[PDB]
Amino acid sequence: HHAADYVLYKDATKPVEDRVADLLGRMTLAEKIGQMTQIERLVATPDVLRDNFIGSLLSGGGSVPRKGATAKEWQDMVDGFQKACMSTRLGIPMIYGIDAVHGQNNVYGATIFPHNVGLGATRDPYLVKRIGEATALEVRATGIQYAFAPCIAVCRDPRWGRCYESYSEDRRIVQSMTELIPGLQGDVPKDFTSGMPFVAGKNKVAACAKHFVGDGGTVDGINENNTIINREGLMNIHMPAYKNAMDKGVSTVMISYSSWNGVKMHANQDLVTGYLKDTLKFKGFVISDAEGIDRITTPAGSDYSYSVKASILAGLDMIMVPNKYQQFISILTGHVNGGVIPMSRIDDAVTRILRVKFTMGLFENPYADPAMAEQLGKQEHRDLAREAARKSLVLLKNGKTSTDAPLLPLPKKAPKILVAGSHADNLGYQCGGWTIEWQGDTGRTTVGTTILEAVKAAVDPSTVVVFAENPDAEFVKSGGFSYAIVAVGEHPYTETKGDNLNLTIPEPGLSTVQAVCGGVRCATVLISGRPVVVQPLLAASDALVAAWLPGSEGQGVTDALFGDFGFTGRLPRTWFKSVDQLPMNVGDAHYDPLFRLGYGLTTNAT
Ligand SMILES: CO[C@@H]1O[C@H](CS[C@@H]2O[C@H](CO)[C@@H](O)[C@H](O)[C@H]2O)[C@@H](O)[C@H](O)[C@H]1O
């Protein structure tokens, strides 16, 4: 179609499959293996990207151009890498990925949404879709085209450090929340074939259903461990939301570090090729987790030659190396040259990668849109996060006896009130893991409103608000307070650091609640990624709210405390009486919860 130097794959009017096949046919082995290689920005340079024909870059947790970087700085970084990739012989644009898992959370000033467990409490898939939409905008504000979300793990044991990344222990709730996908990517057309990838265009991002499969089913909630369950159970609990993801055109699937009945997912041909590709008809690309192929072996990295063979033969398409790319490319090249990995396998991997790139418009818009920068931290998105935080809250108790006046909602006008606890004025703590840093952090790490700040913004001007992080009993009794709001809970964590066999909150937390509630009527706000031992907190408190990890918009909490809205959240997980009961999930034989899945008290708006 019509100039003399015409190249079909560069023609935006041509069908995606025609463009894919036209480009594939022109590629060298080096160019093909390059496409299959994803590297950290930390090891990327223009020469590296060009010389190795690199297909993808990522920012892992906390991998940022600098602390406090603006949206424009991110765009300029991504564009710099893209300019190198576009300078190769074939000019294949790279795709840049990041964990935008509760907003564009590595980025300073990005709206931080509640983590997934709290989103499960909302039972509101349309809310989650709108969060996906807002997240896509804030990711594109930074020039990034690809989000490693949603985590559709079904966490079956809250001792797991990623339980907060799971919408629920109930697969039906996880299935419902796959609405994140068309939020991130755009809605698929009416004709759409389940398993095809889809992204609407330059204001949307490629999504990633992760981590395939059974990441939430590991023994004792040990992160990356073995999931011991028969096929029927894997298919009934851990797999269903992957089919919903196929139906919604999820562009990519990331493989789990975990094993199923002793077989590493990163080496499981039956599940990756036999099931995901051949049965579910997935036609996007399958990506490893970071050093996932290394961890096939024990010790990890002890036979990288085998790691490459096993993973690529299993059906993985793109390898999140993410650092030692030279070794990866060299070994894979050697395996192909020696006939150990057939060219058909390479061509399939590259077909899938290119399919996603062409489909999403990446060849047409390889560079960032500077007009999108202002989407970052946009007030409308914060208003959405505030709605989500409020809807996520689960009221567990509202009065010590059935005959007491209900404490909540609290009055906005009172002479003097107390706000207390380690989590009352700590933005990092209310965001939890995957916020600015990989593991999260403490204090004022980004733009947001803490619980204290939200209280001050809510109350009548005549209301005096006193803050004390850890007041003693005498301070509270002598203070002339009308009531107190006390916020305590878990510190930020991610992945194995969050694995926890005792699930008791750090001190001081309970001691502060006891001191405050002993002196004045108190509403306890519990910040956690999961159910934790809660009977002692309940015994002390007039009212208690499970607020999960509500994100940057602390006014979501006070919107419910002061009755602007009624409490509506319902537990998306079983609340255990004791960790000795675990695992214990709804539908089990000996089900003996402190609070069952679905429990939640309500209030009416005042
Ligand atoms: C300890 O090394 C750090 O690990 C984290 C998490 S591993 C892996 O990372 C993927 C890409 O960021 C996530 O999509 C996936 O869910 C995680 O399991 C990694 O983010 C850091 O880059 C790395 O320093």
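Regarding how it was determined, this PDB entry cites X-ray crystallography in its header, along with a resolution of 1.5500 Å.

Asks: I keep staring at the packing of helix α6 (residues 125-141) against helix α15 (residues 379-392) and nothing clicks. Help me out?
Replies: Two packed helices can be described by the angle between their axes and the distance between those axes. Viewed as axis vectors pointing N to C, α6 and α15 meet at an angle of 145 degrees, and their least axial separation amounts to 10 Å. Crossing angle aside, the handedness with which α6 passes α15 is left-handed. Residues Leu 127, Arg 130, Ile 131, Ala 134, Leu 137 and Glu 138 of α6 form the contact with α15, whose participating residues are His 381, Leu 384, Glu 387, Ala 388 and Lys 391. Considering only residue class, the contact of α6 with α15 consists of six nonpolar, one polar and four charged.

Asks: What is the right way to look at empty space enclosed by the protein in this model?
Replies: Inspection of every chain in the model, using the stated rule, returns five cavities of 30 Å³ or more. The computed volume of the largest cavity comes to approximately 80 Å³. Lining the largest cavity are 13 residues; nearest its centre among them are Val 101, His 102, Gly 103, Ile 131 and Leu 180. Among the secondary structure elements, those contributing two or more residues to the lining of the largest cavity are α5 (116-122), α6 and α8 (180-185). Of the residues in the lining of the largest cavity, the class split is nine nonpolar, four polar and no charged.

Asks: Sorry, what's going on with the environment of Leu 57 here?
Replies: Structurally, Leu 57 can be placed in strand β2 (residues 56-59). Taking the relative accessible area as the measure of exposure, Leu 57 reaches 0% and is therefore buried. When the C-alpha atoms of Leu 57 and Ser 422 are compared, they prove to be 38 Å apart, with 365 residues separating the residues in sequence. Not counting chain neighbours up to four residues away, the residues in contact with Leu 57 comprise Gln 38, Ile 39, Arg 41, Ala 44, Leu 49, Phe 81, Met 94, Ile 95, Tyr 96 and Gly 97.

Asks: Would you take a moment to explain the packing of aromatic side chains for this structure?
Replies: To describe a pair of aromatic rings, you give the distance between the ring centres and the angle between the ring planes. Using the criterion set out here, one finds 11 aromatic pairs in the structure. Ring geometry for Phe 192 and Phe 198: centres 6.2 Å apart, planes at 80 degrees, overall edge-to-face. Like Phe 198, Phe 192 is buried. Feature note: the residues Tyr 9, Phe 358 and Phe 363 constitute an aromatic cluster, connected by ring pairs. The cationic tip of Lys 210 hangs over the ring face of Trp 434; the distance from NZ or CZ to the ring centre is 5.9 Å. Geometry around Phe 565 places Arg 390 over its ring, the cationic atom sitting 3.7 Å from the centre.

Cut-off values and rules
Residues numbered from 1 in each chain as written, not as in the entry; some residues may be left out. Heavy atoms only, no water. Axes fitted to C-alpha atoms, helices over the stretch in contact; angles between N-to-C directions. Helix = DSSP H or I, 4+ residues; strand = E, 2+ residues; numbered from the N terminus. Left-handed = near helix turned anticlockwise from the far one by under 90°. Contact = heavy atoms within 4.5 Å. Nonpolar A, V, L, I, M, F, W, Y, C, P; charged D, E, K, R; others polar. 1 Å grid on protein atoms, 1.4 Å probe; cavity = no way out; pocket = protein on both sides within 12 Å on 5 of 7 lines; lining within 4 Å. Points joined across faces, edges and corners; volume = space filled by probe spheres on them. Buried < 20%, exposed > 50% of the residue type's maximum accessible area, 1.4 Å probe, protein only. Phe/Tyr/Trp six-rings, centres within 6.5 Å; stacked < 30°, edge-to-face > 60°. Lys NZ or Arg CZ within 6 Å of the ring centre and 35° of its normal.

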